[PDB]
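Single chain ahead, written as structure tokens, the form deposited in one PDB entry.
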């Protein structure tokens, strides 16, 4: 059967989920029947047609009354800050893609359930009470039909976990620390202005700006064997999109650059195909823009010194994650 989906929060994440669905030729048996956003529907349609990072949408978008029509599909448009008031039950909603950032716990995301939706996928790290945290390609097999509110982790965790899973299986990971060299986001600023975080209060276009991230530590939610073994932080730099996971870890046994690369090449050609890619060309970050993979491992950067191993992976922090939201939607509704 066809999964009826709605997108709560038509910001960048929600817009890129919708665009990912149409730009892969709706390969998932999914129908987006509604979007909720406080912005003017004409403005959101315009930002769907044109994007700086991801170019022009290769389709048609029009506004007709209470609907945005995308390639002939009429999508109901809503504007209500309180999700519990949305008519999910009347629309027969199967899955709410919760992309606002304000409803990341199971209790808060349950407002969608109160409105009549069957399930919720949070496009972000969830509270400790969520039923599951999923990196598709790594641990979607843990999903069950009884799960009603899950987290899709973060963009960074979806890049790191496919990288570390095969390495732990074949080599063993004692402990690891990560730096993600990360594009700036809209939580940052153009010129210095008041901000809850004194570093993010500084111009993102002119500086490297450290900031905390739990993505490395969150790999333990997806790979329990690595609980407490990984940590790290991020350095925001002046690029608009595409980021880099830089993981240094102590292997449990002696290895080489070639063996490390061979493990990830086999994973990219096998169990993790189309989720993890294997790259040997001399590419730069923009070459991975609009790439739907979760983790684009760069074998040219691999370094080994003793037991310390350094592996790096490019990821489009918007496009890979938005595509994974669709994969996880299908897996959740297929769970028994």
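Here the rigid core means the biggest group of C-alpha atoms that line up within 1.5 Å when the two forms are laid on top of each other. Numbering follows the first chain given and starts at 1.
The PDB entry records a higher mean C-alpha B factor for 106-114 than for its counterpart among 106-114 and 149-157.
In this entry, 22-30 has the higher mean Cα B-factor, the comparison being between 304-312 and 22-30. Take 221, 96, 242, 181 and read off each C-alpha B-factor from the entry; 221 has the highest. Taking only the listed residues 248, 256, 213, 123, the entry reports the highest CA temperature factor at 213. When all modelled residues of the chain are sorted by CA temperature factor, residue 335 is found within the highest third. Per the PDB record, residue ranking by Cα B-factor puts residue 55 in the middle third of the chain. In this PDB entry, residue 202 carries a Cα temperature factor that places it within the middle third of its chain's modelled residues. When the modelled residues of the chain are ordered by their C-alpha B factor, residue 134 lands in the lowest third. The entry lists a Cα temperature factor for residue 238 that places it in the middle third of the chain's modelled residues.
One more form of this protein should be noted, the form deposited in another entry, which is absent from this view; the next part is about it.
A 2 Å or larger CA shift between the shown form and the other one, after fitting on the rigid core, occurs at just one of 252, 76, 114, 195, namely 195.
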